[PDB]
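Chemist: Structure for this input, please:
(one chain, ligands or ions: 4)
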Amino acid sequence: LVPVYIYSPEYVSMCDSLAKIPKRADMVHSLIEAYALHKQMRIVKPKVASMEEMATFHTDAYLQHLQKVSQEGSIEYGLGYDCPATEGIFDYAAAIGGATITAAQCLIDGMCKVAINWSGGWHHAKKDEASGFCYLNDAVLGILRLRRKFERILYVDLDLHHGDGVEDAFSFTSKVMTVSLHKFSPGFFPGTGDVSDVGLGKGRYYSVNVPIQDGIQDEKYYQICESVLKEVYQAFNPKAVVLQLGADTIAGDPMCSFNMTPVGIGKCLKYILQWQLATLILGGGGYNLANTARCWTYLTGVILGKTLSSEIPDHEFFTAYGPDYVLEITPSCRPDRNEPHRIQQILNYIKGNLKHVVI
Ligand SMILES: CC(C)[C@@H]1NC(=O)[C@]2(C)CSC(=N2)c2csc(n2)CNC(=O)C[C@@H](/C=C/CCS)NC1=O
Ligand SMILES: [K+]
Ligand SMILES: [K+]
Ligand SMILES: [Zn+2]
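Modeler: Numbering: from 1, shown residues only. Ligands and ions are numbered 1, 2, ... in the order given. See the structure here:
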């Protein structure tokens with residue numbers, strides 16, 4: 001009944017080894033540790049993914065390329081921003097992939113009902129292409145592992161960006177339903193995920209996309225999320241949940257799009273947790289490093305049912321938490337561009353889609 005926390009010092013080191021979002025994994029763990037939350041969790045060392053395990057989703061060519069350049073340093077694999085240093089990407093991918101598979105296996109084995117991998121959630125990676133800071137799609141690997149036991153998986157993606165890599169992976173199946181809430185605007189990455197994108201073939205109506213505009217705040221976001229998830233839960237009756245909680249929705253993120261705080265995301269998390277299903281918790285985006293640690297530490301508190309002290313405790317990264325040194329994040333003074341009539345249209349459209357879903 002205690003949550004599983006996927007962690008080792010070696011894993012945190014590997015997760016920070018590419019320095020794409022410098023030291024973020026260490027900041028997140030260090031803040032969790034400073035609040036002593038790890039003492040309330042079952043700490044599990046992640047396994048490293050085998051080639052075979054990564055190949056349940058990624059192509060041999062892509063994986064063999066990563067392994068080759070790990071040894072020796074031309075096809076487009078999405079690696080063109082990594083020329084100064086590609087040799088570490090294979091081990092990074094095997095670590096992230098293994099950690100999420102380990103979390104999924106803990107759920108399968110009934111070790112826990114909630115398993116956390118805050119340095120996973122890399123939802124944009126394609127079978128044969130890195131994308132959007134994602135080199136391996138560990139979320140897909142986790143869902144595939146859960147499908148060995150659970151007959152219907154719900155994937156919920158609350159990252160600022162559309163979870164295109166995961167949606168695409170399961171587009172043709174009705175056994176995995178993907179739900180993504182995200183900014184959707186012409187020109188905005190990755191460009192996919194309009195409300196009319198509902199999946200394909202046998203998977204038609206088993207993808208759910210909620211396009212949202214700049215400036216959304218906690219209350220309206222939760223109303224939208226609760227509305228959709230209530231309908232999804234009734235229609236699809238999931239047996240396990242994978243939840244991606246990218247913190248690039250949070251006020252202060254350089255993405256500067258949504259205007260959320262961790263309390264709003266936490267209400268979404270609480271709604272999902274009260275289903276009492278096996279739940280795999282993942283991180284993802286989050287580019288204000290201190291705020292991302294604030295967010296995921298607060299959400300770890302939510303999982304544990306604990307109220308955390310407002311004051312950030314002294315720890316390795318304490319200087320980064322200025323100028324106010326508190327856990328709470330204040331929304332930015334920016335307008336909400338979400339008009340109530342369009343949001344209601346979107347909800348109504350999704351309701352119509354979900355009427356088709358029959359288990
Ligand atoms: C500078 C920013 C634009 C940054 N990008 C980059 O640092 C690089 C590596 C340098 S230039 C570039 N990528 C680029 C050109 S076109 C394109 N990216 C489309 N991809 C995105 O916009 C993803 C997007 C990431 C989204 C997080 C998804 S959780 N990236 C970025 O915010
Ligand atoms: K999303
Ligand atoms: K699907
Ligand atoms: Zn994102």
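Chemist: quick one, phi/psi of the residue of the chain at minimum distance from ligand 3?
Modeler: Using Cβ to the ion, the single residue of the chain nearest to ligand 3 is residue 206, 3.6 Å away. C-beta here means a position set from N, CA and C on the backbone, and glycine is covered the same way. Main-chain torsions, residue 206, degrees, to the nearest 10: phi -100, psi 20.
Chemist: One more: the one 3 residues further on?
Modeler: Dihedral pair for residue 209: phi -130, psi 130, per degrees, to the nearest 10.
Chemist: show me what contacts it?
Modeler: Contact analysis of residue 209 by Cβ atoms under 8 Å, 6 or more residues apart in numbering lists 162, 167, 179-180, 182, 184, 193-195, 197-198.
Chemist: Quick check: closest non-adjacent residue to residue 112.
Modeler: Spatial nearest neighbour of residue 112, chain neighbours left out: residue 4 (4.2 Å); criterion: Cβ to Cβ, 6 or more residues apart in numbering.
Chemist: Does that neighbour touch residue 114 like I think?
Modeler: Yes: Residue 4 lies in contact with residue 114 (Cβ atoms under 8 Å); the separation is 7.1 Å.
Chemist: partner residues bridging the residue nearest to residue 112?
Modeler: Residue 4 forms beta bridges with residue 42, residue 115, as assigned by DSSP bridges.
Chemist: Now do it: how many residues are near it, please.
Modeler: 24 (other Cβ atoms under 10 Å).
Chemist: what's the burial count for the residue of the chain closest to ligand 3?
Modeler: Neighbours of residue 206 (other Cβ under 10 Å): 29.
Chemist: To which secondary structure element is residue 314 assigned?
Modeler: Assigned by DSSP states H and E, residue 314 falls within no helix or strand.
Chemist: give the contact list for it.
Modeler: residue 34.
Chemist: Ok, residue 180 next?
Modeler: So, once contact is read as Cβ under 8 Å, 6+ apart, residue 180 ends up touching 156-157, 159, 162-163, 167, 193, 208-210.
Chemist: Of the residues you listed, which pair is most distant in space?
Modeler: Maximum pairwise distance in the contacts of residue 180, criterion Cβ to Cβ, is 14.6 Å, between 159 and 208.
Chemist: Would you mind naming what in the stretch 201-350 of the chain lies close to ligand 3?
Modeler: Proximity of the stretch 201-350 of the chain to ligand 3, by Cβ under 5 Å from the ion, involves residues 203, 206.
Chemist: Strands along the stretch 201-350 of the chain, start to end?
Modeler: Taking DSSP state E, counting those that start in this stretch as the criterion, the stretch 201-350 of the chain contains strands spanning 207-212, 240-244, 278-282.
Chemist: Quick check: which of the ones you listed is nearest to ligand 2?
Modeler: strand 240-244 (7.0 Å).
Chemist: Strand 278-282 and the closest one, what's the angle between them?
Modeler: 10 degrees (axes from the mean of the first three to the mean of the last three Cα atoms, to 10 degrees).
Chemist: Which strand in the chain has the most residues?
Modeler: In the chain, with assignment by DSSP state E, the single longest strand is strand 176-183.
Chemist: What pairs with it, parallel or antiparallel?
Modeler: strand 153-157 (parallel), strand 207-212 (parallel).
Chemist: Take the ones you listed and write them to JSON lines, including distance to residue 259.
Modeler: Shown next, in JSON lines, are these (distance: least, Cβ to Cβ, whole Å):
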{"stretch": "strand 153-157", "distance to residue 259": "19"}
{"stretch": "strand 207-212", "distance to residue 259": "11"}
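Chemist: would you turn those strands into JSON lines with distance to ligand 2?
Modeler: Conversion of these to JSON lines gives the following (distance: least, Cβ to the ion, whole Å):
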{"stretch": "strand 153-157", "distance to ligand 2": "4"}
{"stretch": "strand 207-212", "distance to ligand 2": "8"}
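Chemist: For residue 150, give its distance to ligand 1.
Modeler: In this view, residue 150 and ligand 1 are 26 Å apart by Cβ to the nearest ligand atom, to the nearest Å.
Chemist: So that residue, which state does it fall into?
Modeler: coil (DSSP: H, G, I helix; E, B strand; the rest coil).
Chemist: Quick one: residues contacting it.
Modeler: 108, 239-240, 278 are the contacts of residue 150 under Cβ under 8 Å, 6+ apart.
Chemist: among the strands of the stretch 201-350 of the chain, which is nearest residue 336?
Modeler: strand 207-212 (10.0 Å).
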